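Peer 1: Any chance you can model this:
(4 chains)
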There are 4 protein chains.
Amino acid sequence: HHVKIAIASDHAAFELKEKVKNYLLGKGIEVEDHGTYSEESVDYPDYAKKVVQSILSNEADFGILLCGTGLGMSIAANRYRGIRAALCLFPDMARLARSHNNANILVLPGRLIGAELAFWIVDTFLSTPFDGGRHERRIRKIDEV
Amino acid sequence: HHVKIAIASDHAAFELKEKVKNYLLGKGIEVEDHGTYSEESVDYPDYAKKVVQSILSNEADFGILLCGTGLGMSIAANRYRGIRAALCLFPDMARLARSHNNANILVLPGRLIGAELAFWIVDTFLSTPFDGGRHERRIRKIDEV
Amino acid sequence: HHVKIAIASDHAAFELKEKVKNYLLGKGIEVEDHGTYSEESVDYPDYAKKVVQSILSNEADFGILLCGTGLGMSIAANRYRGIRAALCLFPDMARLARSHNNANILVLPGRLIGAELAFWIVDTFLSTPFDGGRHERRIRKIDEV
Amino acid sequence: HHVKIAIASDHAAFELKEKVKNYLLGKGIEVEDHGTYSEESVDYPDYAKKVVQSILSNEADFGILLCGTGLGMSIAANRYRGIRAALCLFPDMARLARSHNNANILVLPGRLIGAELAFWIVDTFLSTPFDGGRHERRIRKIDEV
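Peer 2: Numbers count the residues shown, from 1 in each chain, chains lettered A, B, ... in the order given. Structure data below:
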């Protein structure tokens, strides 16, 4: 449980964000919730930036970003060198995001998946090591922009 | 059929890339294939950059990028301002990628989905307009990095 | 809105069942809720049978069955000749379930999908006609046991 | 590798059926291929029955059935008492199909999923034990028709 998560969502994925946060808190995982804090309409990139800043500053180990489909977050967060944000719809995607892409942000679709599936994806994401190997060159090439 | 597509993949998604290319060619859609041109091992970011350059230079209207899971491509392509690359696993995701995110690159997982599903995703992506509206602010915010 | 739905779930998919029911009711669609009526533990086949009976007696036009993954319901309901229960995880599956399989029961996974995705699947299921054609022989063969 | 699989598909899922068969054969798993043996048009229920008969006669340990979407096979095979055929689109579904439903037939969508994903689903299906417990009552209730 000694892993620190920075989490954020827009209004469309607020409900799932809350469930994921509470799931983590229930395991004694340290969670910083960057919002949003209601279902009033907000813009996803504002929230991507808060989690990004926390990862780039080494203030959290992993990020979790959520919007309706995950697409907006997957686009906004990956604007930043050093960020590898992975939109995962089932656990094997999270496994590979970690194993192959050394992903540091998990992106979830708040209107598309169920909470219990989200929890399995989160557990896989947080418990899978990076394989290194031939993947390392590829991850470095992402940031050779 | 007057739409121009720039397509690329790594070796893991070469087979699906070829099928998608041929599907497009069979409809009389202009396709520029940036490679890779075999199953010999290559690095996905090298191929993301070729499609990106083509979109940013207004040499193609839409990009299609493929790797094993789509994750590497979704990360690498979204490093670039002006690029909105959307990892879509089923047609409604492509619909929303266009409607809400004005996506200009479709990312597909070459080992995860079937060809006929990929074709439906592609058809949806290429035939859905951007809604504009309140989405426009969000897409602009992505590039306010 | 002149379509009558018989719906049921076990305890694991109670929450989604309620959301789907209320979604339908909000469109003025007639819904008969066969339960379950809480999250206390129950057995999915008991609920499959209630919706099945309603379809076979021509008391409802379509059924909707839900459990955690959809698997139990897809197995239990398809024990009955005349029932074509289709486990659909995204809208194109519901489209084909109707177009090709003339499905009369939609099965949804209550822990795996999000409510808004479920609503799109339901809308597709209820609004897609059967194509007939060469599919008719296949549907008849299902019941030649 | 001492597990015997009976496999069958219609024409729409012939390609994936062949890949799955060869994957199994490459691990030294005994596979009986009930067809179909080309892409000429056939009717899925004819093939469901062949695998079903093999499972009910204790001539194979597990079945694998494939059609375009999996829906036809999931309906046709589950007509038979003693058969628990599970349409699985990702590995966790196969895990639960085994753990909770003691599934004896895996159903795969031949046009919807990629081969490497199918292989992961198959590996999970064949390597997961039934949990028993409170699931046993439910599986018995399926056959109390």
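
Peer 1: how about the residues of chain A near chain D?
Peer 2: A:90, A:91, A:92, A:117, A:120 (CB under 8 Å from any CB of the partner chain). From N, CA and C alone the C-beta is placed, and that goes for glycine too.

Peer 1: which one among the residues you listed gets closest to chain D?
Peer 2: residue A:90 (4.2 Å; CB to the nearest CB).

Peer 1: Can you give me the distance of that closest one to chain B?
Peer 2: Computed as CB to the nearest CB, to the nearest Å, the residue A:90 to chain B distance reads 9 Å.

Peer 1: What are the boundaries of the strands in chain A?
Peer 2: Secondary structure of chain A (DSSP state E): strands at A:4-9, A:30-33, A:62-67, A:85-87, A:105-109.

Peer 1: Show me the one of those that comes nearest residue D:16.
Peer 2: When the strands of chain A are compared by CB to CB, strand A:85-87 sits nearest residue D:16, at 25.0 Å.

Peer 1: Could you identify which of the strands of chain A is most buried?
Peer 2: Mean neighbour count (mean count of other CB atoms under 10 Å in any protein chain shown) peaks for strand A:85-87 among the strands of chain A, with a mean of 32.

Peer 1: now the strands of chain A as a markdown table including distance to residue B:103?
Peer 2: Shown next, in a markdown table, are the strands of chain A (distance: least, CB to CB, whole Å):
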| stretch | distance to residue B:103 |
| --- | --- |
| strand A:4-9 | 20 |
| strand A:30-33 | 28 |
| strand A:62-67 | 14 |
| strand A:85-87 | 13 |
| strand A:105-109 | 15 |
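
Peer 1: Out of the ones you listed, the one nearest chain C is which?
Peer 2: Between these, strand A:105-109 lies closest to chain C; by CB to the nearest CB that is 7.2 Å.

Peer 1: Can you confirm whether the closest one lies near chain C?
Peer 2: Yes - counting by CB under 8 Å from any CB, chain C is contacted by strand A:105-109 at residue A:109.

Peer 1: Hey, what's the angle from that strand to strand A:4-9? Just curious.
Peer 2: 30 degrees (axes from the mean of the first three to the mean of the last three CA atoms, to 10 degrees).

Peer 1: name the helices or strands packed onto strand A:105-109?
Peer 2: Applying 3 or more CB pairs under 8 Å, 6 or more residues apart in numbering or on different chains; DSSP states H and E, we find strand A:105-109 packed against helix A:44-56, strand A:62-67, helix A:71-77, strand A:85-87, helix A:115-127.

Peer 1: Now distance to residue B:26 too, for these, in TSV please.
Peer 2: Formatted as TSV, the helices and strands packed on strand A:105-109 follow (distance: least, CB to CB, whole Å):
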stretch	distance to residue B:26
helix A:44-56	37
strand A:62-67	35
helix A:71-77	28
strand A:85-87	30
helix A:115-127	36
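
Peer 1: out of these, which comes closest to chain B?
Peer 2: Of these, nearest to chain B by CB to the nearest CB is helix A:44-56, at 3.9 Å.

Peer 1: Next, the angle strand A:105-109 makes with that closest one.
Peer 2: Orientation check (the same axes, to 10 degrees): helix A:44-56 against strand A:105-109 gives 150 degrees.

Peer 1: list the buried ones in helix A:44-56?
Peer 2: Neighbour-count burial for helix A:44-56 flags A:44, A:45, A:46, A:47, A:48, A:49, A:50, A:51, A:52, A:54, A:55 (criterion: 16 or more other CB atoms under 10 Å in any protein chain shown).

Peer 1: So that helix, near chain C or not?
Peer 2: No - Helix A:44-56 lies apart from chain C when judged by CB under 8 Å from any CB; the minimum separation is 16.0 Å.

Peer 1: contacting residues around that helix?
Peer 2: Residues outside helix A:44-56 that contact it (CB atoms under 8 Å, 6 or more residues apart in numbering or on different chains) are A:6-10, A:32, A:34-36, A:59-60, A:62-65, A:67, A:72-73, A:76-77, A:80, A:82-83, A:104-105, B:138, B:141-142, B:144.

Peer 1: returning to what we had before: among the residues of chain A next to chain D, which are in reach of chain C?
Peer 2: The subset of the residues of chain A next to chain D within reach of chain C, by CB under 8 Å from any CB, is residue A:117.

Peer 1: Specify which member of the residues of chain A next to chain D is nearest to residue C:28.
Peer 2: residue A:117 (31.3 Å).

Peer 1: and the closest one, how many neighbours?
Peer 2: Counted with other CB atoms under 10 Å in any protein chain shown, residues neighbouring residue A:117 total 22.

Peer 1: cool, and the one 10 residues further on?
Peer 2: For residue A:127, the number of neighbouring residues by other CB under 10 Å comes to 11.

Peer 1: ok, it to residue A:117 distance?
Peer 2: Residue A:127 is 16 Å from residue A:117, where distance means CB to CB, to the nearest Å.

Peer 1: Next: residue A:33.
Peer 2: Counting by CB to CB - residue A:33 and residue A:117 are separated by 21 Å.

Peer 1: now do residue A:133
Peer 2: Residue A:133 is 29 Å from residue A:117, by CB to CB.

Peer 1: same deal with residue A:98?
Peer 2: Taking CB to CB, one finds residue A:98 at 17 Å from residue A:117.

Peer 1: same check, this time on residue A:75
Peer 2: Residue A:75 sits 22 Å away from residue A:117, going by CB to CB.

Peer 1: One more: residue A:89?
Peer 2: Distance, residue A:89 to residue A:117, using CB to CB: 8 Å.

Peer 1: repeat for residue A:111
Peer 2: Distance from residue A:111 to residue A:117, by CB to CB: 13 Å.

Peer 1: And residue A:104, by the same measure?
Peer 2: For residue A:104 relative to residue A:117 (CB to CB), the value is 21 Å.

Peer 1: Equivalent analysis for residue A:69, please.
Peer 2: From residue A:69 to residue A:117 the distance is 15 Å (CB to CB).

Peer 1: now stretch A:70-80, how far from the chain's geometric center?
Peer 2: The chain centre lies 10 Å from the centre of stretch A:70-80; the measure is CA atoms, centre = their mean, to the nearest Å.

Peer 1: Would that stretch count as contacting chain C?
Peer 2: No - Stretch A:70-80 stays clear of chain C (CB under 8 Å from any CB), getting no nearer than 11.1 Å.

Peer 1: Only alpha carbons, please: show that stretch as CSV.
Peer 2: Output of stretch A:70-80 as CSV, limited to C-alpha atoms (Å, rounded to 0.1, in the frame of the first residue of the first chain):
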residue,chain,number,x,y,z
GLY,A,70,-10.9,8.4,-21.7
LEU,A,71,-10.0,9.9,-25.0
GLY,A,72,-9.7,13.6,-23.9
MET,A,73,-7.4,12.6,-21.0
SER,A,74,-5.3,10.3,-23.1
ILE,A,75,-4.7,13.2,-25.5
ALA,A,76,-4.2,16.0,-23.0
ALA,A,77,-1.9,14.2,-20.6
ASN,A,78,0.4,12.8,-23.4
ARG,A,79,1.3,16.4,-24.5
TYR,A,80,4.0,16.3,-21.8
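
Peer 1: check whether that stretch contacts chain B.
Peer 2: Yes - contact of stretch A:70-80 with chain B is found when judged by CB under 8 Å from any CB, involving A:71, A:72, A:74, A:75, A:76, A:77, A:78, A:79, A:80.

Peer 1: Which two of the residues you listed have the greatest separation?
Peer 2: Pairwise over those, using CB to CB, the maximum falls at A:71 and A:80, 16.9 Å.

Peer 1: Residue A:32 contacts residue A:7, doesn't it?
Peer 2: Yes - with contacts counted by CB atoms under 8 Å, residue A:32 reaches residue A:7, the gap being 7.1 Å.

Peer 1: List the contacts of the residue nearest to residue A:40 when sequence neighbours are not counted.
Peer 2: Distances taken as CB to CB, 6 or more residues apart in numbering or on different chains place residue A:11 nearest to residue A:40, at 6.1 Å, with adjacent residues excluded. Going by CB under 8 Å, 6+ apart, residue A:11 touches A:36, A:38, A:39, A:40, A:41, A:42.
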